[PDB]
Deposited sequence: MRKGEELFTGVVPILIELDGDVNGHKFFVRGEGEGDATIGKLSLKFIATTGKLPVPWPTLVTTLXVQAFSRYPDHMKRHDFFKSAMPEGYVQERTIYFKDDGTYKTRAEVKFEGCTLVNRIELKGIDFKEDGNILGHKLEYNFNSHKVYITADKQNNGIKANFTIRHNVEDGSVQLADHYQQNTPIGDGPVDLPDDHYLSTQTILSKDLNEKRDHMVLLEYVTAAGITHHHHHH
């Protein structure tokens, strides 16, 4: 009943409550995922105003279960559904502050929900994060698999006008392989709130 929950389009809800160097903010996203196609379409909004941090830095934190596993890899995220999984990460931004995140990803009724908590500390003022000198775009990366859970490691590349991820996933109630990601960030021209429109393609 794992994979068989993803054979088509699934609604997504993402909620993150965060705090970076004392700056509290909350983000809510709604969209859809198509695991057969490794597709995500989502819109995120800052419900607390202007985001004190760059949108790209929250991309990795905000539903890997929608990844396209090749058909010979089905056996190697979906396996943990519908009960879901806990996804924890430690994110270190070079010469800048660290993110510690804990999220719970599971089905809540017929909706896949990602309920998330994020804490940022030791970020420098005027730095790439708080001075908002980071570009609104996203590069392509590879996510490496391996306590009855998955473990993950990768480094995100943020275009600066001029981040090491450490991940642990554990089931709420898998051999080595990896996932390839490509992302596109955009804006809703008709949106007055701080937001992020995202499209994502991931395969293993």
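Comparing the deposited sequence with the modelled residues shows gaps at 1-2, 65, 80-81, 152-155, 172-176, 188-193, 225-234, with numbering starting at 1.
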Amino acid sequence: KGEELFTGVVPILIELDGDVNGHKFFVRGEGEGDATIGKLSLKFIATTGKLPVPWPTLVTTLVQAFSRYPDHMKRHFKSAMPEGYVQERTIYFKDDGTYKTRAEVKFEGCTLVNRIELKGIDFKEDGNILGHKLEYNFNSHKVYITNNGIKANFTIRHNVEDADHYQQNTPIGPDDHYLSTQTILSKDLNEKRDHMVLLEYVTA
From here on, numbers count along this sequence of modelled residues.
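What we label the rigid core is the largest C-alpha set whose atoms superpose within 1.5 Å from one form to the other.
When the other structures are laid on the shown form by the rigid core, the stretch among 137-145 and 41-49 with the greater C-alpha deviation in 4 other deposited structures of this protein turns out to be 137-145.
Of the other compared PDB entries of this protein that include residues on both sides, all give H177 atoms, none of them, and so not a third, leaving it without. In none of the other PDB entries of this protein that model the residues around it does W55 lack coordinates, well short of a third. Relative to one another, 19-27 and 176-184 have unequal mean CA B-factors, and 176-184 is the one with the higher figure. On average the C-alpha atoms of 66-74 have higher B-factors than those of the other stretch, with 30-38 and 66-74 being the two compared.
Of the residues listed, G127, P82, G109, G120, the entry assigns the biggest Cα temperature factor to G127.
Note on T61, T170, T48, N153: the highest value goes to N153, judged by CA B factor as recorded. Ranked against the other modelled residues of its chain, the C-alpha B-factor of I91 as given in the entry falls in the middle third. Remark: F138 belongs to the middle third of its chain, ranked by C-alpha B-factor as recorded.
When the modelled residues of the chain are ordered by their C-alpha B factor, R193 lands in the middle third.
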